[PDB]
Every structure is written in C-alpha cells, then in structure tokens.
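>>> Experimental coordinates for this protein are included below, preceded by the sequence.
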Amino acid sequence: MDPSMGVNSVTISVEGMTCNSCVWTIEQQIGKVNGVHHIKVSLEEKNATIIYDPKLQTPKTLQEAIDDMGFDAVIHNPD
C-alpha cells in the first residue's frame, strides 16, 4: 500500500496579512494543533501549504483554524 504514513496535505491561498507573524504564527498553531507534520508559506504567491494526519485530525480542523484567527485565507483542495 502507499498511504504515505496515513497523512493528507491541504493548500490554501492568502490575501490579508502584514508581518511574518501572520501566516507563520498561524502555521505554528495549525502545526501544533495535532499530528501536523510540516508546513510552509510563500507571500510571493500569497498562499501556504500544510499537511495533517487524517487518522488523528482532518480538513475540518483547518476550516476551523482560519475561522479561529480571521486571516482571509481560502483552500484549494477538495479532499
């Protein structure tokens, strides 16, 4: 099989930040919320890629994550 260590990846766009603390502080919590392996942001393209263990969490937490801070960020992955 090839479940890739039972994990999934979710990418989202961004258009409302200011200082590194913006996405980086957000990526820190979303990465410190559970079994989040790694993540990364790129103001160059206004977006950020992060993963998350579906066996422990899911794409819903990510939805609640943005709704928790406010950074107007939109996802681009259906599942």
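It's in. Numbering: from 1, shown residues only.

>>> now the helices for the protein?
Assigned by DSSP state H, the helices in the chain fall at 21-32, 59-69.

>>> roughly how far out does the longest one sit from the chain middle?
Helix 21-32 sits 8 Å away from the centroid of its parent chain (Cα atoms, centre = their mean, to the nearest Å).

>>> contacting residues around the residue lying closest to residue 39 once chain neighbours are set aside?
Distances taken as Cβ to Cβ, 6 or more residues apart in numbering place residue 50 nearest to residue 39, at 3.5 Å, with adjacent residues excluded. (Each C-beta comes from the backbone N, C-alpha and C, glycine too.) Counting by Cβ atoms under 8 Å, 6 or more residues apart in numbering, residue 50 makes contact with 9, 10, 11, 12, 27, 30, 31, 36, 38, 39, 40, 62.

>>> what sits against residue 7?
Contacts for residue 7 (Cβ under 8 Å, 6+ apart) come out as 35, 37, 51, 52, 53, 54.

>>> Kindly report the same for residue 9.
Applying Cβ under 8 Å, 6+ apart, the residues contacting residue 9 are 49, 50, 51, 52, 77.

>>> still on that earlier bit, quick check: bridge partners of the residue nearest to residue 39?
residue 10, residue 39 (DSSP bridges).

>>> coming back round to it: top of the contacts of residue 50 by neighbour count?
When neighbours are counted by other Cβ atoms under 10 Å, residue 30 leads the contacts of residue 50 with 25 neighbours.

>>> what's near enough to touch that one?
By Cβ under 8 Å, 6+ apart, the residues touching residue 30 are 36, 39, 50, 52, 61, 62, 65.

>>> Just give the closest residue to residue 23, not the sequence neighbours.
Distance criterion Cβ to Cβ, 6+ apart; nearest residue to residue 23, sequence neighbours excluded, is residue 41 at 3.9 Å.

>>> re earlier: nearest to residue 72 among the contacts of residue 50?
residue 12 (10.3 Å; Cβ to Cβ).

>>> The residue minimising distance to the centre of the chain and residue 1, how far apart?
The residue lying closest to the centre of the chain (Cα atoms, centre = their mean) is residue 50, at 4.2 Å. For residue 50, the distance to residue 1 equals 24 Å [Cβ to Cβ, to the nearest Å].
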